[PDB]
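J.: After the structure tokens below, expect a handful of questions from me.
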Amino acid sequence: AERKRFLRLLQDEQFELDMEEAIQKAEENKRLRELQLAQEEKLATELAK
Amino acid sequence: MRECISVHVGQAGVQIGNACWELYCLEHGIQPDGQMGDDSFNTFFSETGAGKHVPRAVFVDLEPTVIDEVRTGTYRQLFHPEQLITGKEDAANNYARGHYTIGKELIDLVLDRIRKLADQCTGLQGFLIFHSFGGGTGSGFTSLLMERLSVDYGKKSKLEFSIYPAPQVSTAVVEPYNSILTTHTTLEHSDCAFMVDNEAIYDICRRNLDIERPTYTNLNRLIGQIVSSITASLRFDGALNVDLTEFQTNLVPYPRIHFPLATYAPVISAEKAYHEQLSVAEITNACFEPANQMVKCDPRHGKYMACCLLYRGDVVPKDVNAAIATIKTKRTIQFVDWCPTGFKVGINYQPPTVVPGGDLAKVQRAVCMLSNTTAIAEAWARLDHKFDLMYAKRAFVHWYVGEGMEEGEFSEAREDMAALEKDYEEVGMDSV
Amino acid sequence: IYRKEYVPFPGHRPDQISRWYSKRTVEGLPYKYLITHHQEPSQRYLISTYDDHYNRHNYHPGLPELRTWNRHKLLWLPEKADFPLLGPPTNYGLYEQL
Amino acid sequence: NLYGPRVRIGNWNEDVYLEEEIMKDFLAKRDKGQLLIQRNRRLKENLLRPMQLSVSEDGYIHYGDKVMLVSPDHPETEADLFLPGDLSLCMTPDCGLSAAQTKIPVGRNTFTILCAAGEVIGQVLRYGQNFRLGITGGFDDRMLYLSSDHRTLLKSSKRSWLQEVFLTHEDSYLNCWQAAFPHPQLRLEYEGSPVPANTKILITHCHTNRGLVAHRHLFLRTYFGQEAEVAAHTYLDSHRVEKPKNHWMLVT
Amino acid sequence: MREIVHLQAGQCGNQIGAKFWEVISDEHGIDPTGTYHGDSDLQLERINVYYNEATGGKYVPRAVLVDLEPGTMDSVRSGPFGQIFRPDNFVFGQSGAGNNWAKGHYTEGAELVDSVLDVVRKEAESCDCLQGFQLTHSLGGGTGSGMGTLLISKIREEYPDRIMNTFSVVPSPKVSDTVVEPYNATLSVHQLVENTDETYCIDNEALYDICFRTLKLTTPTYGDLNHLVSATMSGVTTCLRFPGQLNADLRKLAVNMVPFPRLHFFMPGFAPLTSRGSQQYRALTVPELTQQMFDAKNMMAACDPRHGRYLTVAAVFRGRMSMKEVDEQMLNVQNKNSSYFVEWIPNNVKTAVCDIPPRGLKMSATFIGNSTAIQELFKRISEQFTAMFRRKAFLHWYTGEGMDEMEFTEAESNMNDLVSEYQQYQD
Ligand SMILES: Nc1nc2c(ncn2[C@@H]2O[C@H](COP(=O)(O)OP(=O)(O)OP(=O)(O)O)[C@@H](O)[C@H]2O)c(=O)[nH]1
Ligand SMILES: Nc1nc2c(ncn2[C@@H]2O[C@H](COP(=O)(O)OP(=O)(O)O)[C@@H](O)[C@H]2O)c(=O)[nH]1
Ligand SMILES: [Mg+2]
């Protein structure tokens, strides 16, 4: 039982943590920065014009 | 298969084991109705064919209101119908009734169920007694059992967590007699006597946790966590685990020294934990400050003799060596000549599980010191002092003579305390 | 107050994760070659002296005759500097038999 | 005294090199595909393939019919360790064989009825007559076979130590099973009748004359978490009829 | 050309041999499923030294794996290497000794010795030609120092011909971990002298230096520290397992190191250590390895080697090298400081060569030394001993299971006369 818990789900969960944190950082950075910067700059220039 | 058959004696024993067995059923998947990776719950929890785990310890009280309140509480389906033992009359603050009549009438069902537990076990290490110096059931029944079990099961570990009466403040009038008599009858059949108080925990529950007006039910979980970080080494895995024999062989130097002091370091609440930084150094320097002892004594009037740092949680094992190395460079922490090593460290990694909505937070590093000190002879001086003022008038003695025991125990129970303090004075000196 | 405080708690599941992570905080499982490996990662680097000097007949892609004397460091290196490591390791037919 | 990961205090530089090399090695392993996640997901997707059974034009079973093996829920009170209902026979590798709490055809469930002495790929099956049960792993495309040998002193089952049942590639006579009726006064009248699809029939071997069983009392923790034990030992009562442990049903 | 029988005990030794029996698995290309998936036909040559065979081509070690507690035996075969160790080579009780030497050496650690004695002769008579007996343990508790150093007196009853080599762990000077160390340290040193030949002394204060000052980490732990000891082990016997230029062995090492019937206490080292930042900025050649293996900071014991002298110095090398640059740098270091060698012996440093370093290293070395500043490790025990015996503290763990005071007061008269030998030859 100790070998089954400490060999086949341990490493699966840890690698899933690191994969999910890479995906969360990449998606958060691209989506938030692209949306906020693009929408703000475009409608600011339209209102001024 | 490393069980710990525990004993709870008296009103004190059952009222602290409520919260102790609360934590043991809390930290595993154990429901409060028997039902439910790791299989280290078989060291306190048996099985059957329904997955139903039933705890392996004995609760005794001759004053059956607390036991019937347990039997009718939320914890009825879990405890056994038999290892909860009642009477119909209490010993009622005397040593004679508990040691000679009401102990003798019902010591046999206790010893029966102890033998049934001890021959249904496979791997018992020793015996762990939770009892009360200052009452009737926790002193007479206690010393009767600790004669009637040390005559049978022989040489084995015996650790006593003892709810000692307070230094100044008090609850019952004639606690000096019932303290002194059971101390004289426990010193020859103890191995390690861990000592706790009540106002000394009230002080800390006011000044650390900031909750004002607490109860016995708010004091009981601090002992209920102290015992759990004591026993944690069998309970989970670790780097340097601790059996039950190393306390008893690392903490007492001599035949009649064995009275250590307990203390538990990281005491703080939920609103403050997230803004204080739980460092190993700050924990171990809080644990040596004399404002953080569970026994109201000042260590600066004497010398330490032996310690036991027992960790729990995310220990960084280099930092423990660094912390002991910066403890050892102080003059406010003094030591005797004959112990130059003077330390022990035990390790476990599991973080302390804390009860829901309690007065404590989710600490990640638990420290218990169970160290002995020669500044507990000062605590024994007061309960010899009170006896000296009381016996000269021969007050209260008829309650003691009227149930079988003579008056001539009263002289030897003071000669024993005088020789014990003689021992404690002759051990802590230098030799040259 | 007993019936006050001892209300049951369905759903205070203990964590299994901090213990499992302190295990590798102490141990460090893949870390035990990241402690002592040196220079550049390399899987097969190893061969013996009889097999290189005698049977092998020595290095192949190096300079066969030229030993050129360099400018700054005072040295005839391009024979000495190689310290031959050509080809596969010493195989001679024992894994076949066993 | 001690700070976090990114702030430029103390011994940060050697550790920056340290997690740089560990982070790069972990990305190299993920790019190559040698990680436990993607290997495990590929294995489990190739096991749990949602595939289709064959319906029956009548009640009866023919050869070549892709047919689940399932054991019905019992109300038995023999002991208090129990699996709730309708266990099925599933290939549990490490391969091995066990029984799992499922009812859908998912590709480690799906058995093809094959002929050992019979011939035609569609042919009606009868009681007391030998046949074989086939199953295939993903991309192997080779027929496994249900087997069990006469008990020896080294070949015993996992938790119970009875006659064990397993899967093997080879062809023999230790692969042929025959299925009979549970009511013991009518099987000699049922020796040649065709077998209906979802009816409770005993399964027995042909060389040992023992029978395949499900132990609802001891558990096999697997990766899938679903638990039972399979073996072959015929059980009978004090009235000497077969217990509900041994009843099996071949559903379509 | 022999096999090696290797003993392990204590809570220590199965957390050290767990790293030892996996570097040997690394260097012979042994996967943890039992088989062999190495690359050459060089590794398969002397596979017999550490690996018996069975059906299917799998290799299982010669492991002896003993402990009273079942605490750590749940942890060694629950590692990555769990199906490589032998099933019936786990011998245990149920109780745990825990810091006393009475119930290790006489009663509670003792009834399992007949369950270690009759597993050795199952295997150590089935090995065709053995070189001797190895052991790794800690002196600091009750199962290494209680059973192994008891069995060290037991297996030398049978075979005096072979060679005893030891990987001991003496207690640390400054911060200790048990109040009853200078009994279990005292009594097993007096054990070790009569029945052990090359006794290697290892500390954890001297290794928490190396993972801090040298290799520059910020969390040094046990698994980081067990492997530098387990690098030394396979760096010792490099020539009974691989070819080379000048092969040595555990009988070649004893002739060139220990002169005397009683002057047989050693001190180890391991040469090529650096950080993880400066991995490509160093050049792993001979003028770098030799420059640090003699230094005090690269030493695995509580020795300041400048305060005394080395009577003798051993070595080994590995890797495809040349010999002139290892002929003169151990000739310069004998020449540049005659203050740190004794004059009456004409040579000191023994040279041994192999062909292959450990996998990942390019070239390697392993320093082994008989200095006489190893007597600064046995002065603090005898300072701690008699400053405890004078108050007679803790002695009722030591009369309570079969020992006397006469096993005590003669267990320092061996430690006195040891230091009374090492001080004659200091200058
Ligand atoms: N702090 C704290 N003190 C307790 C607790 N239970 C009992 N005590 C103390 O126990 C002391 C003695 O009271 P009892 O426990 O009732 O006395 P006894 O040992 O049971 O003897 P009898 O009452 O005659 O049966 C009192 O001074 C209390 O302070 C508890 O749960 N917490
Ligand atoms: N560096 C290192 N030290 C260890 C290891 N295991 C144990 N120790 C040390 O060995 C001592 C424990 O010895 P002990 O368990 O009491 O000895 P035993 O009774 O023979 O098992 C402790 O002081 C540890 O510091 C390890 O894996 N690495
Ligand atoms: Mg009462």
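One-based numbering along the chain as shown.
This entry, so its header tells us, was determined using electron microscopy, 3.4 Å.
Note: Cβ is positioned from N, Cα and C throughout, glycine not excepted.
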J.: Select one of B:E63, B:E271, B:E276: the residue that Swiss-Prot places in the GTP site alongside B:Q11, B:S132, B:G136, B:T137, B:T171, B:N198, B:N220.
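T.: My reading of Swiss-Prot gives B:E63 as the candidate in that site.
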J.: Pick from B:1-4, B:13-16, B:141-144, B:337-340: which range does Swiss-Prot record as motif 'MREC motif'?
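T.: Within the set B:1-4, B:13-16, B:141-144, B:337-340, Swiss-Prot attaches motif 'MREC motif' to B:1-4.
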J.: Return the residue, from the listed binding-site residues B:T137, B:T171, B:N220, with the maximum count of other C-beta atoms within 10 angstroms of its C-beta.
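T.: The most densely surrounded of these binding-site residues is B:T137.
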J.: Across the listed GTP-binding residues, B:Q11, B:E63, B:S132, B:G136, B:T137, B:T171, B:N198, B:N220, what is the farthest Cα to Cα distance, given in whole Å?
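T.: It comes out at 21 Å between the most distant Cα atoms.
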J.: Helix, strand or coil for B:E246 (active site)? Use DSSP.
T.: helix
J.: Pop the Cα-Cα gap between B:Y274 (3'-nitrotyrosine) and B:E63 (GTP binding site) into the table, whole Å please.
T.: 44
J.: Provide, as an integer number of angstrom, the distance between the C-alpha atoms of B:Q11 (GTP binding site) and B:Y274 (3'-nitrotyrosine).
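T.: Their Cα atoms are separated by 37 Å.
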J.: Rank the recorded positions B:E63, B:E246 by how many other Cβ atoms lie within 10 Å of each Cβ and give me the one with the fewest.
T.: B:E63
J.: List, in residue order, those recorded positions out of B:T137, B:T171, B:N198, B:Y274 with a Cβ under 6 Å from any atom belonging to ligand 3.
T.: B:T137
J.: For the binding-site residues B:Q11, B:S132, B:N198, which one has its C-beta crowded by the most other C-beta atoms within 10 angstroms?
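T.: The residue with the most neighbouring Cβ atoms within 10 Å is B:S132.
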J.: C-alpha of B:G136 (GTP binding site) to C-alpha of B:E246 (active site): distance in Å?
T.: 32
J.: Can you go through the recorded positions B:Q11, B:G136, B:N198, B:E246, B:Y274 and pick out those with a C-beta less than 6 angstroms from ligand 1?
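T.: Among B:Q11, B:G136, B:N198, B:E246, B:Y274, near ligand 1: B:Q11, B:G136, B:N198.
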J.: Tell me the Cα distance separating B:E246 (active site) from B:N198 (GTP binding site), rounded to the nearest angstrom.
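T.: About 28 Å separate the Cα atoms of these two residues.
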